[PDB]
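Just one chain is shown here, as structure tokens, and it is the form deposited without this ligand.
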């Protein structure tokens, strides 16, 4: 099972492609909202609970999936090139698995490979989307989902 969506942070910044494997978060006005990245959210096998739901986040219009890997021995968010013929899988590789958390009517995406690290945005305009360890501080970890047809 899969669904197409757009994700916006709690400060209402939209997510856009910034490079071949880079995403940035910025406020987009009116007609420019068509620029927001379309995500392919797949429900994968893993640790299930009332608080956490395992998901895989693909770029839908790209052969890319959000991945968590060690870069300079620090958990880092990346966009990994994949073969669309083989993806989405029911049993997805750990690095691609995210725990979808429902907070106060908002969504959180925790890394399964690196627990307590979340998909994050800066408070600042036009900064890269990254994996952040802090929850309830500098980094924004809360998101709103908008379904696309």
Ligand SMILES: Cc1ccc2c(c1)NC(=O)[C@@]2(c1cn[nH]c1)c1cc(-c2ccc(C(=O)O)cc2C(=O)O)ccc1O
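Residue numbers count along the first chain shown, from 1. Basically, rigid core = biggest C-alpha set you can superpose within 1.5 Å across the two forms. Only residues modelled in both forms are compared.
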query: Which is higher on average in the deposited entry, the C-alpha temperature factors of 50 to 58 or of 116 to 124?
result: 50 to 58
- request: Could you check the entry and say whether 59 to 67 or 91 to 99 has the higher mean CA B-factor?
  value: 91 to 99
- prompt: Going by the entry, which of 81, 31, 104, 40 has the most elevated CA B factor?
  reply: 104
field: Position of residue 134 among the chain's modelled residues by C-alpha B-factor, lowest, middle or highest third
entry: highest
task: Rank-wise, by C-alpha B-factor, drop residue 111 into the lowest, middle or highest third of its chain.
output: middle
task: Report the third (lowest, middle or highest) to which the CA temperature factor of residue 4 belongs, ranking only the modelled residues of the same chain.
output: middle
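The same protein also has a form solved in complex with this ligand, omitted here; what follows describes it.
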statement: So, this ligand superimposed from where it sits in the bound PDB entry: by the 2.4 Å backbone or C-beta clash rule, 3 or more atoms, this site is blocked
- request: Mark residue 82 yes when one of its heavy atoms lies within 4.5 Å of a heavy atom of this ligand in the bound PDB entry, and no otherwise.
  value: no
message: Please tell me whether any heavy atom belonging to residue 47 falls inside 4.5 Å of a heavy atom of this ligand, as the geometry stands in the bound PDB entry.
response: yes
Residue 27 within 4.5 Å of this ligand in the bound PDB entry, heavy atoms: no
query: Is residue 122 close enough to touch this ligand in the bound PDB entry, meaning at least one heavy atom pair within 4.5 Å?
result: no
Of the candidates 104, 116, 81, 50, the only Cα that travels 2 Å or more between the shown form and the other one, given a rigid-core fit: 50
field: Rigid-core frame, C-alpha of residue 60, shift of 2 angstroms or more between the shown form and the other one
entry: yes
- line: Output row for the residue 62-residue 88 CA distance, |change| of 3 angstroms or more in the bound PDB entry, reads closer
field: Note on residue 62-residue 87 C-alpha separation in the bound PDB entry, which departs from the shown form by 3 angstroms or more
entry: closer
field: Segments displaced between the shown form and the other one (3 or more residues, each Cα shift of 2 Å or more, core-superposed)
entry: 44 to 51, 60 to 62
